[PDB]
Each structure stands twice: as C-alpha cells, then as structure tokens.
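Since the structure comes first, as structure tokens, the remarks are kept for the end.
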Amino acid sequence: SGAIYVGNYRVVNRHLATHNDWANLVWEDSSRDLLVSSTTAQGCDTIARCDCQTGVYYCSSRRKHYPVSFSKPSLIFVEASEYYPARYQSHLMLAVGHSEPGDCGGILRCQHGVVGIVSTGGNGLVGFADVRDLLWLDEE
Ligand SMILES: CSc1ccccc1CC(=O)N1C[C@@H]2C[C@]2(C(N)=O)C1
Ligand SMILES: [Zn+2]
C-alpha cells in the first residue's frame with residue numbers, strides 16, 4: 001500500500017483504490033495502473049520534473065529504502081495477476097530490487113522529488129508507474 005499526496009490530489013495504484021477514491025475520482029487509467037482522487041487537506045510531496053534514471057524506492061516487505069537504476073518509461077508486458085489479465089502496461093520503468101505484491105504504492109524518488117510508485121515485480125525485479133509526465137498534478 002501507499003500513495004503520493006501533492007496539492008489536493010492523492011495518487012494510488014488503480015488496483016488498490018478505495019470506494020472513497022472512486023467517489024472522489026479525478027482521473028484513472030487501467031493501462032498505467034494509476035488512479036487519482038481529490039483530498040480536503042493539502043499534501044507535502046513534490047513531483048519530479050526531470051529525466052533521472054537513478055533514485056531510491058521504499059520497500060515495505062523489508063522496511064527499507066534502496067537505491068536503484070531504472071529504465072525509461074515504456075510499454076512492458078506484465079503477467080496475469082489477481083488484479084489484471086496478462087497485458088501490456090504503459091509508462092512502466094523496471095529495476096533490479098526486491099518486491100512482493102503488498103509493496104505496491106511505495107514511492108520511488110530522485111533529487112528533484114517523487115518519480116513514481118511501485119506497480120509490478122517478481123523474481124528480484126521491481127516496476128514503477130511513472131508520474132513525471134502528469135503536469136496537471138502541479139496545479140488546480
Ligand atoms: C510489486 S508487484 C509484485 C511483486 C512480486 C510478485 C507479484 C507482484 C504482483 C504483481 O505482479 N502485480 C501487482 C499489480 C497487478 C500488477 C500490475 N500493475 O499489472 C502486477
Ligand atoms: Zn530527478
């Protein structure tokens with residue numbers, strides 16, 4: 001579990017969204033595993049606007065932050081899970097690092113701010129849904 005809180009927005013994995021998230025929906029995209037809902041309080045996270053390929057992510061299954069090198073956002077084939085059939089997920093970045101299903105939501109960040117959130121993984125790999133192209137998160 002985990003979310004990004006920026007402005008009056010809450011960014012979560014779409015497969016972990018609550019009824020309150022759907023009842024206060026701003027935007028959702030199944031192909032990216034992302035959902036954004038509105039909030040009453042203002043958040044403290046800042047979104048990175050950069051081309052970094054190195055950062056640090058939070059791994060709840062180890063209670064630790066790990067430094068990682070990650071690929072550029074791309075269209076990657078993801079295996080069937082209890083949440084989606086086997087399909088291509090877009091805007092996904094991969095890295096070598098520990099991950100388990102419940103690690104989804106952990107933040108990946110660089111010197112500029114939040115880059116994305118854990119969305120996929122397995123066998124020593126971890127995949128992050130990028131949010132750096134969602135410029136509208138910084139306003140309204
Ligand atoms: C950190 S996710 C993970 C890690 C190890 C093993 C298995 C998983 C779970 C997984 O394969 N998922 C979670 C989410 C539904 C997914 C997607 N974004 O298409 C794919
Ligand atoms: Zn950066």
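Identifiers in this document derive from the order of the structure tokens: chains are assigned A, B, ..., residues are numbered from 1 separately in each chain, and ligands are numbered from 1 in order of occurrence.
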
Kindly provide the residues of chain A that approach ligand 2 to within 7 Å, each paired with its closest atom pair and their distance in Å to one decimal, based on only C-alpha atoms and all ligand atoms, listed by chain and increasing number, as CSV.
residue,atom,partner,partner_atom_place_in_ligand_line,distance
A:48,CA,ligand 2,1 (Zn),5.6
A:49,CA,ligand 2,1 (Zn),6.6
A:50,CA,ligand 2,1 (Zn),4.7
A:51,CA,ligand 2,1 (Zn),6.0
A:52,CA,ligand 2,1 (Zn),4.3
A:110,CA,ligand 2,1 (Zn),4.7
A:111,CA,ligand 2,1 (Zn),5.3
A:112,CA,ligand 2,1 (Zn),4.4
A:113,CA,ligand 2,1 (Zn),6.6

Distance filter 9 Å around ligand 1, atoms: only C-alpha atoms and all ligand atoms, out as a short mmCIF file (atom, residue, chain, number, x, y, z; two decimals) with N, CA, C and O atoms, in the first residue's frame:
data_model
loop_
_atom_site.label_atom_id
_atom_site.label_comp_id
_atom_site.auth_asym_id
_atom_site.auth_seq_id
_atom_site.Cartn_x
_atom_site.Cartn_y
_atom_site.Cartn_z
N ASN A 13 -2.22 3.20 -6.68
CA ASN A 13 -2.30 2.15 -7.71
C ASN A 13 -3.83 1.97 -7.96
O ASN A 13 -4.59 1.87 -6.98
N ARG A 14 -4.28 1.92 -9.22
CA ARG A 14 -5.72 1.78 -9.50
C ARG A 14 -6.26 0.48 -8.88
O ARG A 14 -7.37 0.49 -8.34
N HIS A 15 -5.43 -0.61 -8.87
CA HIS A 15 -5.94 -1.87 -8.31
C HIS A 15 -6.12 -1.84 -6.77
O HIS A 15 -6.74 -2.76 -6.21
N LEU A 16 -5.59 -0.81 -6.09
CA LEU A 16 -5.75 -0.67 -4.64
C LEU A 16 -6.67 0.50 -4.24
O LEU A 16 -6.78 0.81 -3.05
N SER A 30 -6.40 2.31 -16.51
CA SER A 30 -6.08 0.90 -16.26
C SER A 30 -4.77 0.48 -16.93
O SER A 30 -4.02 -0.32 -16.37
N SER A 31 -4.50 1.01 -18.16
CA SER A 31 -3.25 0.63 -18.85
C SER A 31 -1.98 1.10 -18.10
O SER A 31 -0.90 0.58 -18.35
N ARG A 32 -2.09 2.10 -17.18
CA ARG A 32 -0.94 2.58 -16.40
C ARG A 32 -0.98 2.10 -14.91
O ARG A 32 -0.04 2.37 -14.16
N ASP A 33 -2.10 1.45 -14.47
CA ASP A 33 -2.31 1.07 -13.07
C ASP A 33 -2.33 2.30 -12.19
O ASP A 33 -1.90 2.23 -11.03
N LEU A 34 -2.89 3.45 -12.71
CA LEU A 34 -2.94 4.65 -11.87
C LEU A 34 -4.39 5.17 -11.65
O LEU A 34 -5.23 5.10 -12.55
N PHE A 77 5.25 -5.93 -21.18
CA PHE A 77 4.27 -6.99 -20.97
C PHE A 77 4.33 -7.43 -19.50
O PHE A 77 5.40 -7.69 -18.96
N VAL A 78 3.15 -7.46 -18.83
CA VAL A 78 3.01 -7.85 -17.43
C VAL A 78 2.12 -9.11 -17.35
O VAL A 78 1.03 -9.12 -17.91
N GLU A 79 2.58 -10.13 -16.60
CA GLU A 79 1.88 -11.40 -16.42
C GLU A 79 0.54 -11.22 -15.70
O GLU A 79 0.36 -10.25 -14.96
N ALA A 80 -0.36 -12.22 -15.87
CA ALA A 80 -1.66 -12.22 -15.19
C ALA A 80 -1.45 -12.25 -13.68
O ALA A 80 -0.50 -12.90 -13.19
N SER A 81 -2.29 -11.52 -12.96
CA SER A 81 -2.28 -11.46 -11.50
C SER A 81 -3.77 -11.53 -11.05
O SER A 81 -4.68 -11.61 -11.90
N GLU A 82 -4.01 -11.45 -9.72
CA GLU A 82 -5.41 -11.44 -9.26
C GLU A 82 -6.14 -10.12 -9.65
O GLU A 82 -7.37 -10.05 -9.58
N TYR A 83 -5.38 -9.08 -10.10
CA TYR A 83 -5.95 -7.76 -10.43
C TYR A 83 -6.12 -7.43 -11.90
O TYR A 83 -6.97 -6.60 -12.23
N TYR A 84 -5.31 -8.03 -12.79
CA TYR A 84 -5.40 -7.77 -14.23
C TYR A 84 -5.06 -9.07 -15.00
O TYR A 84 -4.16 -9.80 -14.58
N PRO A 85 -5.62 -9.27 -16.20
CA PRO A 85 -5.13 -10.38 -17.05
C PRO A 85 -3.73 -10.03 -17.61
O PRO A 85 -3.23 -8.90 -17.39
N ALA A 86 -3.08 -10.96 -18.34
CA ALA A 86 -1.76 -10.68 -18.93
C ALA A 86 -1.98 -9.60 -20.01
O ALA A 86 -2.93 -9.70 -20.78
N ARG A 87 -1.21 -8.51 -19.96
CA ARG A 87 -1.42 -7.39 -20.87
C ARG A 87 -0.14 -6.53 -20.92
O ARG A 87 0.81 -6.77 -20.18
N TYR A 88 -0.16 -5.48 -21.76
CA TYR A 88 0.92 -4.53 -21.80
C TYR A 88 0.53 -3.36 -20.89
O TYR A 88 -0.57 -2.84 -21.01
N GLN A 89 1.44 -2.96 -20.00
CA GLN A 89 1.25 -1.80 -19.13
C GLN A 89 2.15 -0.67 -19.68
O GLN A 89 3.34 -0.91 -19.96
N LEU A 92 5.75 2.31 -17.74
CA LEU A 92 6.34 1.48 -16.69
C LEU A 92 7.89 1.51 -16.77
O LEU A 92 8.44 1.48 -17.87
N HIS A 98 14.13 -5.99 -4.61
CA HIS A 98 13.14 -6.86 -4.02
C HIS A 98 11.75 -6.24 -4.09
O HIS A 98 11.59 -5.05 -3.77
N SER A 99 10.75 -7.04 -4.40
CA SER A 99 9.36 -6.60 -4.32
C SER A 99 8.43 -7.82 -4.17
O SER A 99 8.75 -8.91 -4.69
N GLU A 100 7.32 -7.62 -3.41
CA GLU A 100 6.22 -8.57 -3.15
C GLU A 100 4.88 -7.83 -3.47
O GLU A 100 4.88 -6.60 -3.51
N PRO A 101 3.74 -8.53 -3.69
CA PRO A 101 2.51 -7.80 -4.11
C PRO A 101 2.14 -6.56 -3.27
O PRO A 101 1.84 -5.50 -3.83
N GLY A 102 2.22 -6.70 -1.95
CA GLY A 102 1.90 -5.64 -0.98
C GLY A 102 2.84 -4.45 -0.99
O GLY A 102 2.58 -3.45 -0.30
N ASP A 103 3.99 -4.56 -1.70
CA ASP A 103 4.92 -3.42 -1.84
C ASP A 103 4.37 -2.31 -2.77
O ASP A 103 4.87 -1.18 -2.77
N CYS A 104 3.30 -2.61 -3.55
CA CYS A 104 2.70 -1.62 -4.45
C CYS A 104 2.32 -0.35 -3.67
O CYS A 104 1.85 -0.46 -2.53
N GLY A 105 2.63 0.81 -4.23
CA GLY A 105 2.37 2.08 -3.56
C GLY A 105 3.60 2.75 -2.97
O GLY A 105 3.57 3.95 -2.65
N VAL A 118 5.64 1.98 -6.81
CA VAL A 118 5.75 0.54 -7.14
C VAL A 118 4.42 0.04 -7.74
O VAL A 118 3.36 0.36 -7.19
N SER A 119 4.47 -0.73 -8.87
CA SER A 119 3.25 -1.23 -9.51
C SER A 119 3.38 -2.70 -9.92
O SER A 119 2.38 -3.38 -10.01
N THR A 120 4.62 -3.18 -10.21
CA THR A 120 4.79 -4.58 -10.64
C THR A 120 6.08 -5.19 -9.98
O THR A 120 6.86 -4.45 -9.37
N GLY A 121 6.38 -6.48 -10.23
CA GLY A 121 7.62 -7.05 -9.72
C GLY A 121 7.64 -8.55 -9.81
O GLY A 121 6.71 -9.17 -10.34
N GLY A 122 8.65 -9.13 -9.18
CA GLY A 122 8.78 -10.58 -9.11
C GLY A 122 10.20 -11.01 -9.43
O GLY A 122 10.88 -10.34 -10.22
N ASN A 123 10.67 -12.11 -8.80
CA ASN A 123 11.99 -12.69 -9.04
C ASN A 123 13.16 -11.68 -9.04
O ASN A 123 14.06 -11.79 -9.89
N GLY A 124 13.18 -10.77 -8.07
CA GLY A 124 14.27 -9.80 -7.99
C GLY A 124 14.13 -8.58 -8.88
O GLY A 124 15.08 -7.80 -8.99
N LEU A 125 12.94 -8.38 -9.47
CA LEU A 125 12.64 -7.19 -10.27
C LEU A 125 11.57 -6.36 -9.55
O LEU A 125 10.76 -6.91 -8.77
N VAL A 126 11.55 -5.06 -9.81
CA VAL A 126 10.51 -4.17 -9.27
C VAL A 126 10.21 -3.14 -10.40
O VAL A 126 11.16 -2.68 -11.06
N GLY A 127 8.91 -2.92 -10.70
CA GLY A 127 8.45 -1.99 -11.74
C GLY A 127 7.71 -0.81 -11.13
O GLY A 127 6.95 -0.97 -10.16
N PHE A 128 7.95 0.41 -11.67
CA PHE A 128 7.34 1.63 -11.12
C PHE A 128 6.48 2.32 -12.18
O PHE A 128 6.90 2.47 -13.34
N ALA A 129 5.28 2.75 -11.78
CA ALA A 129 4.42 3.54 -12.68
C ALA A 129 4.91 4.99 -12.62
O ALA A 129 4.86 5.61 -11.55
#

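Minimum atom-to-atom distance to residue 95 of chain A, evaluated using only C-alpha atoms, belongs to A:55 out of A:55, A:2, A:62, A:114.
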
Notebook entry, point to check: Can you list every residue in chain A that DSSP puts in strand (DSSP E), as a ChimeraX atom specification?
Noted result: /A:4-13,25-29,34-44,54-59,64-69,74-78,87-96,107-110,113-122,125-130

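Here atom CA of residue 130 of chain A and atom CA of residue 21 of chain A stand 19.7 Å from one another.
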
Report the closest atom pair, with its distance in Å rounded to one decimal, for each residue of segment 6-36 of chain A that has an atom no farther than 9 Å from segment 136-139 of chain A; count only C-alpha atoms, sort by chain and then rising residue number, and write it as a tab-separated table.
residue	atom	partner	partner_atom	distance
A:6	CA	A:137	CA	7.0
A:7	CA	A:138	CA	7.0
A:8	CA	A:137	CA	8.8
A:9	CA	A:137	CA	7.2

Next item on the list: Using DSSP on the backbone, list every residue of chain A that comes out as helix (DSSP H, G or I), and give them as a PyMOL selection string.
Entry: chain A and resi 14-16+19-23+30-32+101-103+135-138

Check: Do you have the atom CA of residue 42 of chain A-atom CA of residue 10 of chain A distance handy?
Finding: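 That distance, rounded to one decimal, is 9.7 Å.
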